[PDB]
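Student: One structure coming up, written as structure tokens, with questions to follow.
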Amino acid sequence: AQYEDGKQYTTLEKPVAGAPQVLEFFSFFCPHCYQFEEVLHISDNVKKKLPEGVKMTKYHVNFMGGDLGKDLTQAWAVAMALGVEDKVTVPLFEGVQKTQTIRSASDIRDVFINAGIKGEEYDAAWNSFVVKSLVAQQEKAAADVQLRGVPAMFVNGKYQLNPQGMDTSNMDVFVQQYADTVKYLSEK
């Protein structure tokens, strides 16, 4: 066929029940993730092609960057709880990978402050059980699929995108193949 299991995607031989429809994992320490977000704009092009009645989910992971990796998973929970993902994603990626000015939880906090989140509001969220449970969700979703690498995308808890099987000569063509593959898997 044109889309073949083991080529543009793989099937999980243990499917995950009740999973989010489109579920993407990343790390602010992850070099391809930086490309995916700032250069390729994957999440965004996928969304533009998804049918509707299908919502998109993105989670941070712990297994890169040790202690700071964990802080970032908690900060991303704060971002989700406050609905400020689209204001902190770029400065967090650049702070970790470009300027390398993020070295502590306080440095992560500064990014939110600079993005206009008030200090008390950030700290309140950081310490809240709603954020604790949101951290728990991120961990559980990753555990459910035995996640050992990012970037990663899963459709309906049964299919895993396989970008290694796509031409990268042209960055735009790669992105559409990626997005079109997600749509195909979505309609399966």
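Naming works like this for the structure tokens: A, B, ... for the chains as they're shown, residue 1 at the start of each chain, ligands 1 onward in shown order.
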Could I get the residues of range 26-137 of chain A with an atom no further than 12 Å from an atom of range 159-181 of chain A, each paired with its nearest atom pair and that distance in Å to one decimal, using only C-alpha atoms, sorted by chain and residue number, as CSV?
Tutor:
```
residue,atom,partner,partner_atom,distance
A:32,CA,A:163,CA,11.1
A:35,CA,A:171,CA,10.3
A:36,CA,A:175,CA,9.1
A:37,CA,A:175,CA,11.4
A:39,CA,A:171,CA,8.7
A:40,CA,A:175,CA,6.5
A:41,CA,A:175,CA,8.0
A:42,CA,A:175,CA,6.3
A:43,CA,A:179,CA,8.6
A:44,CA,A:179,CA,9.2
A:45,CA,A:179,CA,6.2
A:46,CA,A:179,CA,4.5
A:47,CA,A:179,CA,8.0
A:48,CA,A:179,CA,8.5
A:49,CA,A:179,CA,6.7
A:50,CA,A:179,CA,8.2
A:51,CA,A:180,CA,11.1
```
Student: Quick check for you: according to DSSP on this backbone, which residues of range 122-169 of chain A are classed as strand (DSSP E or B)? Reply as a JSON list (two decimals) with C-alpha atoms, in the first residue's frame.
Tutor:
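Result saved to selection11.json:
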```json
[["chain", "number", "residue", "atom", "x", "y", "z"],
["A", 152, "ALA", "CA", 7.07, 10.92, 19.57],
["A", 153, "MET", "CA", 3.48, 10.94, 18.41],
["A", 154, "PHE", "CA", 0.79, 8.31, 19.05],
["A", 155, "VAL", "CA", -2.65, 8.12, 17.44],
["A", 159, "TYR", "CA", -0.23, 3.85, 16.22],
["A", 160, "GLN", "CA", 3.21, 5.47, 16.57],
["A", 161, "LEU", "CA", 4.47, 7.85, 13.89]]
```
Student: Would you mind listing, for every residue of range 121-170 of chain A within 10 Å of range 103-115 of chain A, the two atoms forming the shortest contact and the distance between them in Å to one decimal, using only C-alpha atoms, sorted by chain and ascending residue number, as a tab-separated table?
Tutor:
```
residue	atom	partner	partner_atom	distance
A:121	CA	A:113	CA	9.7
A:122	CA	A:112	CA	7.5
A:123	CA	A:109	CA	8.5
A:126	CA	A:109	CA	9.5
```
Student: Keeping N, CA, C and O atoms, export the residues of the selection given above as a CSV table (one decimal), in the first residue's frame.
Tutor:
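Result file follows (result.csv):
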```csv
chain,number,residue,atom,x,y,z
A,121,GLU,N,0.9,33.7,41.1
A,121,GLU,CA,0.0,32.8,40.3
A,121,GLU,C,0.8,31.6,39.8
A,121,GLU,O,0.3,30.5,39.8
A,122,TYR,N,2.1,31.9,39.4
A,122,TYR,CA,3.0,30.8,39.0
A,122,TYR,C,3.3,29.9,40.2
A,122,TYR,O,3.2,28.7,40.2
A,123,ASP,N,3.7,30.5,41.4
A,123,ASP,CA,4.1,29.7,42.5
A,123,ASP,C,2.9,28.9,43.1
A,123,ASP,O,3.1,27.8,43.6
A,126,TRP,N,2.5,26.0,40.7
A,126,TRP,CA,3.6,25.1,40.9
A,126,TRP,C,3.4,24.2,42.1
A,126,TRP,O,3.7,23.0,42.0
```
Student: Check the smallest atom-to-atom distance from each of A:80, A:34, A:125, A:156 to residue 188 in chain A using only C-alpha atoms, then report the winner.
Tutor: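 For residue 188 in chain A, the nearest of the candidates is A:156.
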Student: Taking only residues of range 28-93 of chain A that have an atom at most 10 Å from an atom of range 140-151 of chain A, what is each one's shortest atom pair and its distance in Å to one decimal, using only C-alpha atoms, in chain and number order, as JSON lines?
Tutor:
```
{"residue": "A:29", "atom": "CA", "partner": "A:150", "partner_atom": "CA", "distance": 9.8}
{"residue": "A:30", "atom": "CA", "partner": "A:150", "partner_atom": "CA", "distance": 7.0}
{"residue": "A:31", "atom": "CA", "partner": "A:151", "partner_atom": "CA", "distance": 9.0}
{"residue": "A:32", "atom": "CA", "partner": "A:151", "partner_atom": "CA", "distance": 6.7}
{"residue": "A:33", "atom": "CA", "partner": "A:151", "partner_atom": "CA", "distance": 5.5}
{"residue": "A:34", "atom": "CA", "partner": "A:151", "partner_atom": "CA", "distance": 9.3}
{"residue": "A:35", "atom": "CA", "partner": "A:151", "partner_atom": "CA", "distance": 9.9}
{"residue": "A:36", "atom": "CA", "partner": "A:151", "partner_atom": "CA", "distance": 7.9}
{"residue": "A:59", "atom": "CA", "partner": "A:141", "partner_atom": "CA", "distance": 8.3}
{"residue": "A:60", "atom": "CA", "partner": "A:142", "partner_atom": "CA", "distance": 9.0}
{"residue": "A:61", "atom": "CA", "partner": "A:142", "partner_atom": "CA", "distance": 7.4}
{"residue": "A:62", "atom": "CA", "partner": "A:142", "partner_atom": "CA", "distance": 9.4}
{"residue": "A:63", "atom": "CA", "partner": "A:148", "partner_atom": "CA", "distance": 7.5}
{"residue": "A:64", "atom": "CA", "partner": "A:149", "partner_atom": "CA", "distance": 9.2}
```
Student: Using only C-alpha atoms, which of A:19, A:185, A:56, A:88 sits nearest residue 72 in chain A?
Tutor: A:88
Student: So, with only C-alpha atoms as the atoms that count, which of A:183, A:83, A:73, A:158 lies closest to residue 16 in chain A?
Tutor: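 Closest candidate: A:158.
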Student: How many Å lie between CA of residue 102 in chain A and CA of residue 58 in chain A, rounded to one decimal?
Tutor: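 Going from CA of residue 102 in chain A over to CA of residue 58 in chain A, I get 21.3 Å.
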Student: Interatomic distance between CA of residue 54 in chain A and CA of residue 18 in chain A?
Tutor: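 Taking CA of residue 54 in chain A and CA of residue 18 in chain A, their separation equals 13.8 Å.
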Student: Taking the chain letters and numbering used in this document, name the residues of range 26-161 of chain A that DSSP puts in alpha helix (DSSP H), as a PDB file with C-alpha atoms, in the first residue's frame.
Tutor:
```
ATOM      1  CA  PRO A  31      17.242  18.597  19.765  1.00  0.00           C
ATOM      2  CA  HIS A  32      14.778  17.181  17.225  1.00  0.00           C
ATOM      3  CA  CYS A  33      11.980  18.514  19.440  1.00  0.00           C
ATOM      4  CA  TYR A  34      13.395  21.995  19.041  1.00  0.00           C
ATOM      5  CA  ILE A  42       4.759  19.899  13.424  1.00  0.00           C
ATOM      6  CA  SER A  43       2.046  20.233  16.060  1.00  0.00           C
ATOM      7  CA  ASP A  44       0.593  23.108  14.175  1.00  0.00           C
ATOM      8  CA  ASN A  45       0.488  21.513  10.740  1.00  0.00           C
ATOM      9  CA  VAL A  46      -0.918  18.300  12.143  1.00  0.00           C
ATOM     10  CA  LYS A  47      -3.719  20.303  13.764  1.00  0.00           C
ATOM     11  CA  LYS A  48      -4.475  22.141  10.509  1.00  0.00           C
ATOM     12  CA  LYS A  49      -5.199  18.788   8.883  1.00  0.00           C
ATOM     13  CA  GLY A  66      17.919  14.729  35.021  1.00  0.00           C
ATOM     14  CA  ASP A  67      16.756  16.980  37.818  1.00  0.00           C
ATOM     15  CA  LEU A  68      16.054  19.897  35.495  1.00  0.00           C
ATOM     16  CA  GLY A  69      14.133  17.546  33.199  1.00  0.00           C
ATOM     17  CA  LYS A  70      11.717  16.832  36.039  1.00  0.00           C
ATOM     18  CA  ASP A  71      11.317  20.522  36.855  1.00  0.00           C
ATOM     19  CA  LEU A  72      10.421  21.086  33.218  1.00  0.00           C
ATOM     20  CA  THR A  73       7.754  18.369  33.331  1.00  0.00           C
ATOM     21  CA  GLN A  74       6.278  20.142  36.354  1.00  0.00           C
ATOM     22  CA  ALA A  75       6.562  23.559  34.641  1.00  0.00           C
ATOM     23  CA  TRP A  76       4.801  22.187  31.593  1.00  0.00           C
ATOM     24  CA  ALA A  77       1.978  21.005  33.911  1.00  0.00           C
ATOM     25  CA  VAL A  78       1.874  24.622  35.164  1.00  0.00           C
ATOM     26  CA  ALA A  79       1.750  25.808  31.543  1.00  0.00           C
ATOM     27  CA  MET A  80      -1.182  23.447  30.835  1.00  0.00           C
ATOM     28  CA  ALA A  81      -3.085  24.379  33.974  1.00  0.00           C
ATOM     29  CA  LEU A  82      -2.776  28.110  33.229  1.00  0.00           C
ATOM     30  CA  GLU A  85       1.643  26.844  26.543  1.00  0.00           C
ATOM     31  CA  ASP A  86       1.805  29.120  23.504  1.00  0.00           C
ATOM     32  CA  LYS A  87       3.604  31.809  25.461  1.00  0.00           C
ATOM     33  CA  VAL A  88       6.327  29.770  27.154  1.00  0.00           C
ATOM     34  CA  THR A  89       7.192  27.048  24.641  1.00  0.00           C
ATOM     35  CA  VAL A  90       9.523  29.167  22.544  1.00  0.00           C
ATOM     36  CA  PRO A  91      11.382  30.821  25.459  1.00  0.00           C
ATOM     37  CA  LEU A  92      11.781  27.493  27.268  1.00  0.00           C
ATOM     38  CA  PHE A  93      13.264  25.786  24.190  1.00  0.00           C
ATOM     39  CA  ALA A 105      13.831  25.916  38.597  1.00  0.00           C
ATOM     40  CA  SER A 106      14.161  29.631  39.320  1.00  0.00           C
ATOM     41  CA  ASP A 107      15.348  30.180  35.742  1.00  0.00           C
ATOM     42  CA  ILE A 108      12.286  28.323  34.450  1.00  0.00           C
ATOM     43  CA  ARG A 109      10.123  30.531  36.640  1.00  0.00           C
ATOM     44  CA  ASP A 110      11.737  33.682  35.165  1.00  0.00           C
ATOM     45  CA  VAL A 111      10.546  32.615  31.703  1.00  0.00           C
ATOM     46  CA  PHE A 112       6.908  32.598  32.917  1.00  0.00           C
ATOM     47  CA  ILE A 113       7.381  35.956  34.738  1.00  0.00           C
ATOM     48  CA  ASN A 114       8.806  37.433  31.562  1.00  0.00           C
ATOM     49  CA  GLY A 119       4.717  35.357  40.395  1.00  0.00           C
ATOM     50  CA  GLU A 120       2.138  34.426  43.052  1.00  0.00           C
ATOM     51  CA  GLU A 121       0.012  32.802  40.252  1.00  0.00           C
ATOM     52  CA  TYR A 122       2.977  30.780  39.034  1.00  0.00           C
ATOM     53  CA  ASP A 123       4.054  29.694  42.534  1.00  0.00           C
ATOM     54  CA  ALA A 124       0.491  28.861  43.533  1.00  0.00           C
ATOM     55  CA  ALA A 125       0.118  26.675  40.461  1.00  0.00           C
ATOM     56  CA  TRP A 126       3.597  25.121  40.897  1.00  0.00           C
ATOM     57  CA  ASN A 127       2.674  23.923  44.373  1.00  0.00           C
ATOM     58  CA  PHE A 129      -2.362  19.356  43.621  1.00  0.00           C
ATOM     59  CA  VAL A 130      -4.007  20.063  40.273  1.00  0.00           C
ATOM     60  CA  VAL A 131      -0.498  20.441  38.839  1.00  0.00           C
ATOM     61  CA  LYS A 132       0.632  17.327  40.773  1.00  0.00           C
ATOM     62  CA  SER A 133      -2.138  15.335  39.102  1.00  0.00           C
ATOM     63  CA  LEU A 134      -1.255  16.878  35.775  1.00  0.00           C
ATOM     64  CA  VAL A 135       2.375  15.723  36.265  1.00  0.00           C
ATOM     65  CA  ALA A 136       0.972  12.277  37.106  1.00  0.00           C
ATOM     66  CA  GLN A 137      -0.959  12.230  33.851  1.00  0.00           C
ATOM     67  CA  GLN A 138       2.140  13.056  31.842  1.00  0.00           C
ATOM     68  CA  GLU A 139       4.105  10.305  33.510  1.00  0.00           C
ATOM     69  CA  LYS A 140       1.341   7.729  33.111  1.00  0.00           C
ATOM     70  CA  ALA A 141       0.793   8.422  29.407  1.00  0.00           C
ATOM     71  CA  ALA A 142       4.506   7.958  28.745  1.00  0.00           C
ATOM     72  CA  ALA A 143       4.643   4.806  30.881  1.00  0.00           C
ATOM     73  CA  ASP A 144       1.650   3.354  29.039  1.00  0.00           C
TER      74      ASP A 144
END
```
